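Structure data (compact mmCIF, C-alpha atoms and all ligand atoms) from entry-v9.txt:
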```
# COMPACT_ATOMS: atom_id res chain seq x y z
CA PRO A 1 -35.40 -13.18 73.97
CA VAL A 2 -32.05 -11.39 73.61
CA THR A 3 -29.93 -14.34 74.83
CA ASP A 4 -31.95 -17.54 74.20
CA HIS A 5 -30.31 -19.77 76.82
CA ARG A 6 -32.64 -22.71 77.45
CA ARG A 7 -32.33 -26.44 78.11
CA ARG A 8 -34.19 -28.86 75.84
CA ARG A 9 -35.82 -32.12 76.93
CA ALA A 10 -36.78 -33.77 73.65
CA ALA A 11 -38.25 -37.26 74.08
CA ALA A 12 -37.30 -40.16 71.81
CA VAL A 13 -36.25 -43.79 72.07
CA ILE A 14 -32.73 -42.94 70.85
CA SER A 15 -31.27 -39.45 71.18
CA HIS A 16 -27.89 -37.73 71.45
CA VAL A 17 -26.54 -34.60 73.10
CA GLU A 18 -26.23 -31.81 70.53
CA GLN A 19 -22.84 -30.29 69.80
CA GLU A 20 -22.02 -27.21 71.86
CA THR A 21 -22.19 -23.77 70.26
CA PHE A 22 -19.24 -21.38 69.99
CA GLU A 23 -19.79 -19.53 73.27
CA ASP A 24 -20.45 -22.65 75.36
CA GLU A 25 -17.52 -24.66 73.96
CA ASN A 26 -14.66 -22.40 72.85
CA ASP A 27 -15.01 -20.00 75.79
CA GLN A 28 -16.74 -21.66 78.76
CA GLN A 29 -14.28 -24.60 78.87
CA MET A 30 -10.86 -23.00 79.40
CA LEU A 31 -9.82 -23.65 83.03
CA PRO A 32 -8.87 -27.07 84.44
CA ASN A 33 -11.92 -29.18 85.19
CA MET A 34 -10.72 -30.29 88.66
CA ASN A 35 -13.13 -33.23 88.34
CA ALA A 36 -11.50 -35.41 85.66
CA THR A 37 -7.91 -34.14 85.99
CA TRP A 38 -6.85 -36.40 88.89
CA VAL A 39 -7.21 -39.54 86.73
CA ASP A 40 -3.78 -39.07 85.09
CA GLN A 41 -1.80 -38.54 88.29
CA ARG A 42 0.33 -40.43 90.81
CA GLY A 43 -1.16 -43.58 92.32
CA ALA A 44 -4.37 -43.38 90.28
CA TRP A 45 -3.92 -46.78 88.60
CA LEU A 46 -2.84 -48.99 91.52
CA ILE A 47 -5.77 -47.97 93.74
CA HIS A 48 -8.21 -50.23 91.87
CA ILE A 49 -6.12 -53.32 92.67
CA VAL A 50 -6.01 -52.28 96.33
CA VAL A 51 -9.80 -51.87 96.37
CA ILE A 52 -10.29 -55.31 94.80
CA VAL A 53 -7.89 -56.95 97.26
CA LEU A 54 -9.53 -55.25 100.25
CA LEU A 55 -13.01 -56.32 99.13
CA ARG A 56 -11.86 -59.91 98.59
CA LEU A 57 -10.21 -60.05 102.02
CA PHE A 58 -13.25 -58.51 103.71
CA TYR A 59 -15.55 -61.08 102.11
CA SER A 60 -13.14 -63.93 102.94
CA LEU A 61 -13.03 -62.89 106.60
CA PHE A 62 -16.71 -63.88 106.82
CA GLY A 63 -15.85 -67.48 105.92
CA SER A 64 -18.00 -68.21 102.87
CA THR A 65 -17.49 -70.41 99.83
CA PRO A 66 -15.14 -69.13 97.10
CA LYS A 67 -17.93 -69.01 94.50
CA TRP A 68 -20.19 -66.67 96.48
CA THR A 69 -17.22 -64.57 97.62
CA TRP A 70 -15.92 -63.99 94.09
CA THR A 71 -19.36 -63.36 92.58
CA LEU A 72 -20.14 -60.84 95.32
CA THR A 73 -16.80 -59.04 94.97
CA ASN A 74 -17.13 -58.80 91.18
CA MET A 75 -20.69 -57.48 91.41
CA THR A 76 -19.79 -54.99 94.15
CA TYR A 77 -16.77 -53.61 92.29
CA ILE A 78 -18.65 -53.22 89.01
CA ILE A 79 -21.72 -51.66 90.66
CA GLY A 80 -19.58 -49.22 92.64
CA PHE A 81 -17.62 -48.16 89.57
CA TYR A 82 -20.86 -47.65 87.64
CA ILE A 83 -22.42 -45.57 90.43
CA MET A 84 -19.32 -43.39 90.69
CA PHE A 85 -18.74 -42.81 86.98
CA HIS A 86 -21.68 -43.46 84.67
CA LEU A 87 -24.79 -42.65 86.74
CA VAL A 88 -24.31 -39.10 88.06
CA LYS A 89 -24.39 -36.16 85.64
CA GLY A 90 -22.85 -32.80 86.48
CA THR A 91 -20.20 -31.39 88.81
CA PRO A 92 -20.27 -30.80 92.59
CA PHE A 93 -19.07 -27.18 92.19
CA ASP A 94 -20.10 -24.39 89.83
CA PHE A 95 -17.70 -24.33 86.89
CA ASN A 96 -18.57 -21.23 84.87
CA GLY A 97 -22.36 -21.08 84.58
CA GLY A 98 -23.35 -24.73 84.47
CA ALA A 99 -21.52 -25.79 81.32
CA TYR A 100 -21.09 -29.48 82.27
CA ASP A 101 -24.70 -30.20 83.28
CA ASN A 102 -25.31 -32.74 80.48
CA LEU A 103 -22.24 -35.01 80.74
CA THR A 104 -20.95 -37.70 83.08
CA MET A 105 -17.45 -38.05 84.52
CA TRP A 106 -16.55 -40.66 81.89
CA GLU A 107 -17.21 -38.26 79.00
CA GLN A 108 -15.23 -35.44 80.65
CA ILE A 109 -12.02 -37.48 80.95
CA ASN A 110 -9.13 -36.12 78.87
CA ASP A 111 -11.29 -33.43 77.23
CA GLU A 112 -13.65 -35.89 75.51
CA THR A 113 -10.81 -37.84 73.88
CA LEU A 114 -12.02 -41.25 72.76
CA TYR A 115 -8.86 -43.38 73.12
CA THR A 116 -6.28 -42.67 75.84
CA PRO A 117 -4.15 -45.12 77.86
CA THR A 118 -6.19 -44.64 81.05
CA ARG A 119 -9.41 -45.55 79.22
CA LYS A 120 -7.71 -48.65 77.83
CA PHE A 121 -6.63 -49.70 81.33
CA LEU A 122 -10.11 -49.07 82.75
CA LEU A 123 -11.62 -51.22 79.98
CA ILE A 124 -9.01 -53.97 80.41
CA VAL A 125 -9.39 -54.45 84.17
CA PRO A 126 -12.94 -55.94 84.30
CA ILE A 127 -12.16 -58.55 81.62
CA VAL A 128 -9.05 -59.73 83.46
CA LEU A 129 -10.95 -59.81 86.75
CA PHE A 130 -13.67 -61.94 85.15
CA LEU A 131 -11.13 -64.33 83.61
CA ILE A 132 -9.43 -64.75 86.99
CA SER A 133 -12.70 -65.20 88.87
CA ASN A 134 -14.59 -67.65 86.64
CA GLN A 135 -12.31 -70.58 87.53
CA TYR A 136 -14.07 -71.12 90.88
CA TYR A 137 -17.71 -71.41 89.72
CA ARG A 138 -17.43 -73.08 86.32
CA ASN A 139 -19.62 -75.96 87.52
CA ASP A 140 -22.61 -73.71 88.24
CA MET A 141 -23.98 -72.41 84.94
CA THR A 142 -26.44 -69.95 86.51
CA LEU A 143 -23.70 -68.02 88.33
CA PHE A 144 -21.54 -68.07 85.19
CA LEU A 145 -24.40 -66.59 83.17
CA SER A 146 -25.10 -63.98 85.86
CA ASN A 147 -21.45 -62.88 86.01
CA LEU A 148 -21.23 -62.73 82.22
CA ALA A 149 -24.42 -60.68 82.03
CA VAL A 150 -23.24 -58.23 84.70
CA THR A 151 -19.82 -57.76 83.10
CA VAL A 152 -21.12 -57.33 79.55
CA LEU A 153 -24.11 -55.16 80.44
CA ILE A 154 -22.44 -52.77 82.93
CA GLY A 155 -18.65 -52.93 82.59
CA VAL A 156 -18.34 -53.29 78.80
CA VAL A 157 -21.19 -51.62 76.89
CA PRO A 158 -20.88 -48.09 78.40
CA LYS A 159 -17.10 -48.06 77.75
CA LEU A 160 -17.44 -48.26 73.97
CA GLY A 161 -16.98 -46.07 70.93
CA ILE A 162 -20.73 -46.41 70.45
CA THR A 163 -23.03 -45.33 73.31
CA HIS A 164 -21.03 -42.09 73.57
CA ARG A 165 -23.37 -39.18 74.35
CA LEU A 166 -26.21 -41.71 74.11
CA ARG A 167 -29.38 -41.23 76.16
CA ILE A 168 -32.54 -43.33 76.48
CA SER A 169 -35.86 -41.84 77.58
CA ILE A 170 -37.23 -45.11 79.01
CA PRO A 171 -36.34 -44.35 82.68
CA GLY A 172 -36.92 -40.60 82.36
CA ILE A 173 -37.11 -37.69 79.92
CA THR A 174 -33.43 -36.80 79.53
CA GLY A 175 -32.13 -33.34 78.73
CA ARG A 176 -30.06 -32.70 75.59
CA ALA A 177 -28.58 -29.34 74.57
CA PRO B 1 -16.88 -75.20 74.35
CA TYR B 2 -19.27 -72.29 74.89
CA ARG B 3 -17.48 -71.28 78.10
CA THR B 4 -14.26 -71.20 76.08
CA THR B 5 -15.96 -69.45 73.15
CA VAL B 6 -17.14 -66.48 75.23
CA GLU B 7 -13.69 -66.17 76.83
CA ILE B 8 -12.11 -66.13 73.36
CA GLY B 9 -14.57 -63.45 72.28
CA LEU B 10 -13.81 -61.24 75.28
CA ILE B 11 -10.06 -61.62 74.82
CA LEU B 12 -10.32 -60.99 71.07
CA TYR B 13 -12.15 -57.73 71.69
CA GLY B 14 -9.52 -56.90 74.31
CA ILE B 15 -6.61 -56.66 71.86
CA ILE B 16 -8.83 -54.82 69.37
CA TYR B 17 -9.59 -52.18 72.00
CA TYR B 18 -5.95 -52.05 73.14
CA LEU B 19 -4.65 -51.36 69.62
CA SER B 20 -7.29 -48.72 68.87
CA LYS B 21 -6.81 -45.57 66.80
CA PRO B 22 -4.01 -43.07 67.44
CA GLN B 23 -5.80 -41.14 70.20
CA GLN B 24 -8.84 -39.90 68.30
CA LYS B 25 -9.57 -36.26 69.14
CA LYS B 26 -13.04 -34.78 69.55
CA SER B 27 -14.27 -32.77 66.56
CA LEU B 28 -22.16 -24.02 58.91
CA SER B 29 -25.51 -22.30 59.40
CA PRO B 30 -27.05 -20.57 56.35
CA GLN B 31 -27.84 -17.47 58.44
CA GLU B 32 -24.14 -16.54 58.65
CA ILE B 33 -23.31 -17.38 55.02
CA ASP B 34 -24.36 -13.92 53.84
CA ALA B 35 -22.09 -12.42 56.52
CA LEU B 36 -19.06 -13.99 54.81
CA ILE B 37 -20.24 -12.65 51.44
CA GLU B 38 -20.61 -9.13 52.86
CA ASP B 39 -17.21 -9.29 54.58
CA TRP B 40 -15.34 -9.94 51.32
CA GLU B 41 -13.17 -7.01 50.19
CA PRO B 42 -11.75 -7.45 46.67
CA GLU B 43 -8.63 -5.74 45.35
CA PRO B 44 -8.50 -3.20 42.49
CA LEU B 45 -8.01 -4.54 38.98
CA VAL B 46 -4.82 -2.51 38.43
CA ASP B 47 -2.68 -0.76 41.04
CA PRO B 48 -2.47 3.01 40.30
CA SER B 49 -0.05 3.91 43.12
CA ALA B 50 3.12 3.84 40.99
CA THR B 51 1.60 5.04 37.70
CA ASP B 52 2.62 8.68 38.19
CA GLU B 53 6.27 7.97 38.99
CA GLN B 54 6.74 5.67 35.97
CA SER B 55 4.88 7.79 33.40
CA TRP B 56 7.97 9.52 31.97
CA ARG B 57 8.51 6.70 29.45
CA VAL B 58 5.35 7.62 27.52
CA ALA B 59 6.25 11.32 27.45
CA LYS B 60 9.70 10.56 25.97
CA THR B 61 8.55 8.31 23.12
CA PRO B 62 9.29 9.88 19.71
CA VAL B 63 6.40 10.22 17.25
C1 LIG A 201 -26.27 -52.41 100.07
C2 LIG A 201 -27.13 -51.18 100.26
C3 LIG A 201 -28.45 -51.27 99.50
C4 LIG A 201 -29.26 -50.00 99.73
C5 LIG A 201 -28.47 -48.78 99.32
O1 LIG A 201 -27.20 -48.75 99.98
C6 LIG A 201 -26.42 -49.93 99.78
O2 LIG A 201 -28.31 -48.76 97.91
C7 LIG A 201 -27.77 -47.45 97.61
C8 LIG A 201 -28.32 -46.78 96.36
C9 LIG A 201 -27.97 -45.34 96.74
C10 LIG A 201 -28.24 -44.17 95.80
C11 LIG A 201 -27.48 -44.35 94.50
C12 LIG A 201 -27.28 -43.07 93.75
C13 LIG A 201 -27.64 -41.88 94.19
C14 LIG A 201 -27.66 -40.66 93.29
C15 LIG A 201 -26.76 -39.57 93.81
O3 LIG A 201 -26.94 -38.47 92.92
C16 LIG A 201 -26.25 -37.26 93.20
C17 LIG A 201 -26.95 -36.37 94.20
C18 LIG A 201 -28.39 -35.93 93.92
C19 LIG A 201 -28.50 -35.03 92.71
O4 LIG A 201 -28.31 -35.64 91.43
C20 LIG A 201 -28.65 -34.75 90.41
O5 LIG A 201 -27.75 -33.67 90.48
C21 LIG A 201 -28.08 -32.55 89.64
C22 LIG A 201 -28.70 -31.51 90.54
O6 LIG A 201 -29.84 -32.00 91.23
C23 LIG A 201 -28.98 -33.00 88.50
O7 LIG A 201 -28.82 -31.98 87.50
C24 LIG A 201 -29.85 -31.69 86.59
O8 LIG A 201 -31.03 -31.33 87.30
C25 LIG A 201 -30.96 -30.01 87.86
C26 LIG A 201 -32.10 -29.91 88.85
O9 LIG A 201 -32.10 -28.65 89.51
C27 LIG A 201 -31.03 -28.98 86.75
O10 LIG A 201 -30.25 -27.86 87.14
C28 LIG A 201 -30.50 -29.55 85.45
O11 LIG A 201 -31.54 -30.18 84.71
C29 LIG A 201 -29.39 -30.55 85.70
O12 LIG A 201 -28.30 -29.87 86.31
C30 LIG A 201 -28.55 -34.35 87.95
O13 LIG A 201 -29.43 -34.77 86.91
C31 LIG A 201 -28.54 -35.41 89.05
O14 LIG A 201 -27.36 -36.20 89.00
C32 LIG A 201 -29.35 -37.09 93.87
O15 LIG A 201 -30.72 -36.72 93.59
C33 LIG A 201 -31.30 -35.73 94.40
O16 LIG A 201 -32.58 -35.51 93.86
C34 LIG A 201 -33.25 -34.36 94.40
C35 LIG A 201 -32.70 -33.17 93.66
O17 LIG A 201 -32.90 -33.31 92.26
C36 LIG A 201 -33.03 -34.30 95.91
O18 LIG A 201 -34.25 -33.81 96.49
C37 LIG A 201 -35.39 -34.64 96.52
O19 LIG A 201 -35.45 -35.29 97.78
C38 LIG A 201 -36.74 -35.87 98.17
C39 LIG A 201 -37.01 -37.06 97.27
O20 LIG A 201 -37.26 -36.70 95.92
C40 LIG A 201 -37.84 -34.82 98.12
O21 LIG A 201 -38.34 -34.61 99.44
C41 LIG A 201 -37.32 -33.51 97.57
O22 LIG A 201 -38.40 -32.60 97.36
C42 LIG A 201 -36.61 -33.76 96.27
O23 LIG A 201 -36.21 -32.53 95.67
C43 LIG A 201 -32.68 -35.67 96.47
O24 LIG A 201 -32.48 -35.61 97.88
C44 LIG A 201 -31.41 -36.21 95.84
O25 LIG A 201 -31.42 -37.63 95.92
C45 LIG A 201 -27.12 -39.25 95.24
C46 LIG A 201 -27.08 -40.50 96.13
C47 LIG A 201 -28.02 -41.61 95.63
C48 LIG A 201 -29.49 -41.14 95.66
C49 LIG A 201 -27.79 -42.88 96.50
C50 LIG A 201 -28.39 -42.73 97.91
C51 LIG A 201 -28.12 -43.95 98.79
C52 LIG A 201 -28.65 -45.22 98.13
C53 LIG A 201 -30.18 -45.15 98.02
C54 LIG A 201 -28.18 -46.54 98.79
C55 LIG A 201 -29.13 -47.44 99.58
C56 LIG A 201 -29.36 -47.03 101.03
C1 LIG A 202 -18.71 -52.20 103.40
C2 LIG A 202 -18.10 -52.66 102.10
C3 LIG A 202 -18.64 -51.85 100.94
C4 LIG A 202 -17.58 -50.99 100.28
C5 LIG A 202 -18.23 -49.86 99.50
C6 LIG A 202 -17.28 -49.19 98.53
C7 LIG A 202 -17.21 -49.89 97.20
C8 LIG A 202 -15.88 -49.68 96.55
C9 LIG A 202 -15.85 -50.11 95.10
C10 LIG A 202 -16.53 -49.13 94.17
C11 LIG A 202 -15.80 -47.82 93.99
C12 LIG A 202 -14.89 -47.76 92.76
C13 LIG A 202 -13.42 -47.92 93.07
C14 LIG A 202 -12.59 -46.85 92.39
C15 LIG A 202 -12.54 -45.54 93.20
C16 LIG A 202 -11.21 -45.29 93.95
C17 LIG A 202 -11.17 -44.00 94.80
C18 LIG A 202 -11.32 -42.69 94.04
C19 LIG A 202 -11.80 -41.53 94.91
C20 LIG A 202 -12.15 -40.28 94.12
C21 LIG A 202 -12.83 -39.22 94.95
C22 LIG A 202 -12.81 -37.81 94.37
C23 LIG A 202 -13.71 -37.59 93.18
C24 LIG A 202 -14.24 -36.18 93.08
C25 LIG A 202 -15.23 -35.96 91.96
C26 LIG A 202 -16.66 -36.03 92.44
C27 LIG A 202 -17.61 -36.82 91.59
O1 LIG A 202 -17.34 -37.91 91.09
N1 LIG A 202 -18.85 -36.25 91.43
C28 LIG A 202 -19.90 -36.84 90.67
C29 LIG A 202 -19.60 -36.82 89.11
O2 LIG A 202 -19.03 -35.56 88.70
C30 LIG A 202 -20.24 -38.31 91.23
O3 LIG A 202 -21.61 -38.36 91.04
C31 LIG A 202 -20.04 -38.71 92.76
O4 LIG A 202 -18.74 -38.74 93.11
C32 LIG A 202 -20.60 -40.10 93.15
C33 LIG A 202 -21.73 -40.04 94.16
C34 LIG A 202 -21.32 -40.49 95.61
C35 LIG A 202 -21.57 -41.96 96.05
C36 LIG A 202 -22.87 -42.43 95.49
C37 LIG A 202 -23.45 -43.53 96.26
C38 LIG A 202 -23.95 -43.09 97.61
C39 LIG A 202 -23.39 -43.92 98.71
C40 LIG A 202 -23.76 -45.35 98.52
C41 LIG A 202 -22.61 -46.25 98.19
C42 LIG A 202 -23.07 -47.52 97.49
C43 LIG A 202 -21.95 -48.54 97.39
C44 LIG A 202 -21.24 -48.50 96.05
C45 LIG A 202 -20.51 -47.19 95.83
```
Can you turn what I pasted into structure tokens?
Amino acid sequence: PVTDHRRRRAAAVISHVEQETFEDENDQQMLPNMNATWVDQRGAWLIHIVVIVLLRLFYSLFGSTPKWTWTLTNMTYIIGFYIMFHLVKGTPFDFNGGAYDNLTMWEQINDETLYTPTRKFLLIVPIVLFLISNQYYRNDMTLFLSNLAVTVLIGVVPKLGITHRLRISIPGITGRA
Amino acid sequence: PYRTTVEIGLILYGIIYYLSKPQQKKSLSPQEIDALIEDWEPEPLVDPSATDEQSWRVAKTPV
């Protein structure tokens, strides 16, 4: 071939996305992303509190016990955030030629900068929510263990210095480079 | 006890993450090594541009 533009799907237990070449990196990422730029804007940090409050009020309008209400709201918030950020890979609109087809929205924030204030806030919020919520179901150990497992496994491990550009082939042969 | 221990662990990691590094920023093939070797252009050992204009000293030396 005269261009050699192909996508690899190497299979291994632990694998990482290869570093971009000169043409793909220094030239095909020049314009604003329009997908991870709205994070550092007006009213982008208070909306999470509003979502949490609305979910809590909606669940309380049913008239259930505090333990079930708080467990359900924590699980729903964490699952929704995971579905929005960590699951999907790509961009809803063509960028240049498909340059961002191997990365999630979390990796694209702030041009792949590891530590920025918004990331710190996003990591801080689930811990504070868990600390506030545990006080209602301390008696039940099963629910405490379930909440701890959900928080640690979904809302903590992905947002780490490790597990950056990390892919596992157990649920499907992932594509790297 | 344990319920307090896990809370202490989560909080302790919280401050560690908060006071992280100072905004860490995201960071060659042997086939192109010979290209650098071939692109090197050395300079002459001695510059001969001004030799002609300054050569009157030798012609005026008594013998
Ligand atoms: C409380 C209640 C409980 C219950 C509940 O509600 C809440 O729980 C909820 C749980 C929900 C799901 C949760 C999360 C997702 C994923 C999301 O994802 C983005 C949109 C889609 C695309 O995503 C891909 O976007 C990129 C482009 O595709 C991918 O890019 C690469 O692949 C490119 C490939 O060209 C290459 O260019 C490169 O390699 C590279 O660029 C990238 O990897 C990947 O992100 C999702 O996948 C698509 O997959 C197919 C296309 O691939 C579509 O067609 C297929 O449809 C039929 C089935 O197979 C067959 O008939 C057709 O023949 C067959 O083709 C299918 O319709 C569609 O789903 C779409 C929504 C969904 C499914 C939700 C639905 C609703 C629930 C089931 C609810 C549920 C009701
Ligand atoms: C009755 C009660 C149930 C309530 C259900 C809602 C649950 C709310 C709580 C969870 C949500 C997290 C809260 C924080 C979000 C605040 C609002 C921000 C709005 C931003 C919208 C503009 C973003 C543009 C960028 C587009 C983008 O991202 N593209 C892809 C990647 O490039 C992403 O893959 C994509 O978008 C996500 C896929 C769409 C939704 C997937 C799920 C399908 C519907 C099922 C919903 C399940 C319930 C949990 C979400």
Using all atoms listed in the file, determine which residues of chain B fall within 10 Å of chain A; present them as a ChimeraX atom specification.
/B:3,6-7,10-11,13-15,17-27
Cut-off 6 Å, only C-alpha atoms and all ligand atoms, neighbours of ligand LIG 202 (chain A) as a ChimeraX atom specification
/A:35,48,77,80-81,83-84,88-92,105
File dump, residues just selected, C-alpha atoms, as a JSON list (two decimals), in the coordinates of the input:
```json
[["chain", "number", "residue", "atom", "x", "y", "z"],
["A", 35, "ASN", "CA", -13.13, -33.23, 88.34],
["A", 48, "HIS", "CA", -8.21, -50.23, 91.87],
["A", 77, "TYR", "CA", -16.77, -53.61, 92.29],
["A", 80, "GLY", "CA", -19.58, -49.22, 92.64],
["A", 81, "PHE", "CA", -17.62, -48.16, 89.57],
["A", 83, "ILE", "CA", -22.42, -45.57, 90.43],
["A", 84, "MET", "CA", -19.32, -43.39, 90.69],
["A", 88, "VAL", "CA", -24.31, -39.10, 88.06],
["A", 89, "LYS", "CA", -24.39, -36.16, 85.64],
["A", 90, "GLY", "CA", -22.85, -32.80, 86.48],
["A", 91, "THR", "CA", -20.20, -31.39, 88.81],
["A", 92, "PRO", "CA", -20.27, -30.80, 92.59],
["A", 105, "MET", "CA", -17.45, -38.05, 84.52]]
```
Return as JSON, numbers by chain every polymer residue, whether protein, DNA or RNA, with at least one atom no more than 12 Å from an atom of ligand LIG 201 (chain A); count all atoms listed in the file.
{"A": [6, 7, 8, 9, 72, 75, 76, 79, 80, 81, 82, 83, 84, 85, 86, 87, 88, 89, 90, 91, 92, 93, 94, 95, 97, 98, 99, 100, 101, 102, 103, 104, 105, 172, 173, 174, 175, 176, 177]}
May I ask which of the residues A:109, A:168, A:78, A:57 is the closest one to residue 40 (chain A), counting only C-alpha atoms?
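That would be A:109, the residue with the smallest distance to residue 40 (chain A).
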Can you work out which one of A:71, A:5, A:29, A:164 has the shortest atom-to-atom distance to residue 59 (chain A), counting all atoms listed in the file?
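Once distances to residue 59 (chain A) are computed over all atoms listed in the file, the minimum belongs to A:71.
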Atom pair CA of residue 53 (chain A) / CA of residue 68 (chain A): separation (Å)
15.7 Å
For residue 167 (chain A), which of A:61, A:13, A:36, A:125 is the closest residue, counting all atoms listed in the file?
A:13
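Checking A:129, A:51, A:39, A:170 one by one against residue 155 (chain A), counting all atoms listed in the file, you find the shortest gap at A:129.
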One number please: CA of residue 16 (chain A) to CA of residue 30 (chain B), in Å, one decimal.
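Here the two named atoms are 22.9 Å from each other.
Across the structure, CA of residue 126 (chain A) and CA of residue 158 (chain A) are spaced 12.6 Å apart.
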Counting all atoms listed in the file, which residues come within 12 Å of (-25.4, -24.3, 60.3), with the point read in the file's coordinates, and could you list them as a PDB file with C-alpha atoms, in the frame of the given file?
```
ATOM      1  CA  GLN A  19     -22.840 -30.290  69.800  1.00  0.00           C
ATOM      2  CA  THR A  21     -22.190 -23.770  70.260  1.00  0.00           C
ATOM      3  CA  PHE A  22     -19.240 -21.380  69.990  1.00  0.00           C
TER       4      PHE A  22
ATOM      5  CA  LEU B  28     -22.160 -24.020  58.910  1.00  0.00           C
ATOM      6  CA  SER B  29     -25.510 -22.300  59.400  1.00  0.00           C
ATOM      7  CA  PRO B  30     -27.050 -20.570  56.350  1.00  0.00           C
ATOM      8  CA  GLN B  31     -27.840 -17.470  58.440  1.00  0.00           C
ATOM      9  CA  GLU B  32     -24.140 -16.540  58.650  1.00  0.00           C
ATOM     10  CA  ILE B  33     -23.310 -17.380  55.020  1.00  0.00           C
TER      11      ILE B  33
END
```
List the spatial neighbours of region 135-137 of chain A as a VMD selection string - criterion: any atom at most 7 Å away, all atoms listed in the file, same-chain residues fewer than 3 positions off excluded.
chain A and resid 66 to 67 132 140 144
